[PDB]
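Spelled out from the first residue to the last, the chains are:
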Amino acid sequence: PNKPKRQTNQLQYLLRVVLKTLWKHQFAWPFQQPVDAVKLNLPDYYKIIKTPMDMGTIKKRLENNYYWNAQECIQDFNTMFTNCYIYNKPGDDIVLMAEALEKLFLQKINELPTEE
Ligand SMILES: COc1cc(C)cc2c(=O)cc[nH]c12
């Protein structure tokens, strides 16, 4: 008894607060922009990494209403941190960074709205 909508307020939140909150983070630098796997010297990054994901690509999918619901934006956020876990063994600064961005991103989603 309900037609699916593009859940824009959670996605809004994920864009407005989360995205920007992450974006601005001490640890957001490799996520704001997409890693040049040549730049950080990552010969197997686009090899190992499932789908190298950045707050940029994510801010894209959010503000371009590509996301149908926040959880995809979240899973891209999770993806973002998980690629960092995928490549960099858990305990690497970038994972640790992602890990601090997780508790920050997930901070927001811990407070993620529900559509009226
Ligand atoms: C963009 O996030 C990163 C990914 C990888 C694979 C390595 C590093 C790194 O060696 C230092 C900072 N960030 C990294």
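Residues numbered from 1 in each chain as written, not as in the entry; some residues may be left out. Heavy atoms only, no water.

A. Layout of the overall build of the chain. Regarding its fold elements, the chain presents six helices and zero strands. If you list the helices and strands of the chain from N to C, you get α-α-α-α-α-α. If one aligns the C-alpha atoms of the chain with their principal axes, the spans along those axes are about 50 × 25 × 20 Å. Across the 116 residues of the chain, 46% fall into the buried class. Restricting the contact set of the chain to residue pairs at least 6 apart, pairs at least 24 apart contribute 72%. (Helix = DSSP H or I, 4+ residues; strand = E, 2+ residues; numbered from the N terminus. Buried < 20%, exposed > 50% of the residue type's maximum accessible area, 1.4 Å probe, protein only. Contact = heavy atoms within 4.5 Å.)

B. Region of interest: the packing of aromatic side chains. Across all of its chains, the model carries six aromatic pairs by this definition. Members of the aromatic cluster, each reached through a chain of ring pairs, are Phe31, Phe77, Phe81 and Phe105. The ring centre of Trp23 lies 3.9 Å from the NZ or CZ of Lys59, which sits over that ring. (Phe/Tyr/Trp six-rings, centres within 6.5 Å; stacked < 30°, edge-to-face > 60°. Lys NZ or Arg CZ within 6 Å of the ring centre and 35° of its normal.)

C. The environment of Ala100, seen in detail. Here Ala100 shows up in helix 6 (residues 93-109). On the accessibility criterion, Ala100 (17% relative accessible area) is buried. For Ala100, the contacting residues outside a window of four places in its chain are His25 and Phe27.

D. Broad picture of the site of the ligand. Every residue near the ligand is listed here: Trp29, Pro30, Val35, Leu40, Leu42, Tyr45, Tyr87, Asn88 and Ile94. Within the complex, the protein chains bury 79% of what would otherwise be the 340 Å² of accessible surface of the ligand. Among the residues making up the shell around the ligand, the classes are represented as eight nonpolar, one polar and no charged. (Near = heavy atom within 4 Å. Areas by Shrake-Rupley, 256 points an atom, 1.4 Å probe, with all protein chains shown as cover. Nonpolar A, V, L, I, M, F, W, Y, C, P; charged D, E, K, R; others polar.)

E. Geometry of the pattern of salt bridges. One pass over the structure, following the stated rule, counts two salt bridges. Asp44 is the partner of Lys47 in a salt bridge, and the nearest nitrogen-oxygen pair spans 2.7 Å. (Salt bridge = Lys/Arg side-chain N within 4 Å of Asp/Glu carboxyl O.)

F. Representation of the environment of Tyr46 within the structure. Here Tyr46 shows up in helix 3 (residues 45-48). The exposed category is assigned to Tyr46, whose relative accessible area is 54%. Here the alpha-carbon distance between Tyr46 and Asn83, two residues 37 residues apart in the chain, equals 9.9 Å. Residue contacts for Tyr46: discarding those within four places in its chain leaves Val35, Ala37 and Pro52. There is a polar contact of 2.8 Å between the side chain of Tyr46 and the backbone oxygen of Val35. (Polar contact = N/O pair within 3.5 Å; in protein donor to acceptor, adjacent residues only side chain to side chain.)

G. Highlighting the packing of helix 1 (residues 8-23) against helix 5 (residues 70-87). Running from N to C, helix 1 and helix 5 point in directions that differ by 25°, and their axes come no closer than 8 Å. One finds that helix 1 runs roughly parallel with respect to helix 5. Counting all contacts with helix 1, which are made through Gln10, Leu11, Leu14, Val18, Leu19 and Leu22, the residues of helix 5 involved are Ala70, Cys73, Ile74, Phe77 and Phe81. When its residues are assigned to classes, the contact of helix 1 with helix 5 shows 10 nonpolar, one polar and no charged. (Axes fitted to C-alpha atoms, helices over the stretch in contact; angles between N-to-C directions. Parallel < 35°, antiparallel > 145°, perpendicular 65-115°, else oblique.)

Treat this as a map of the structure, not an account of what it does.
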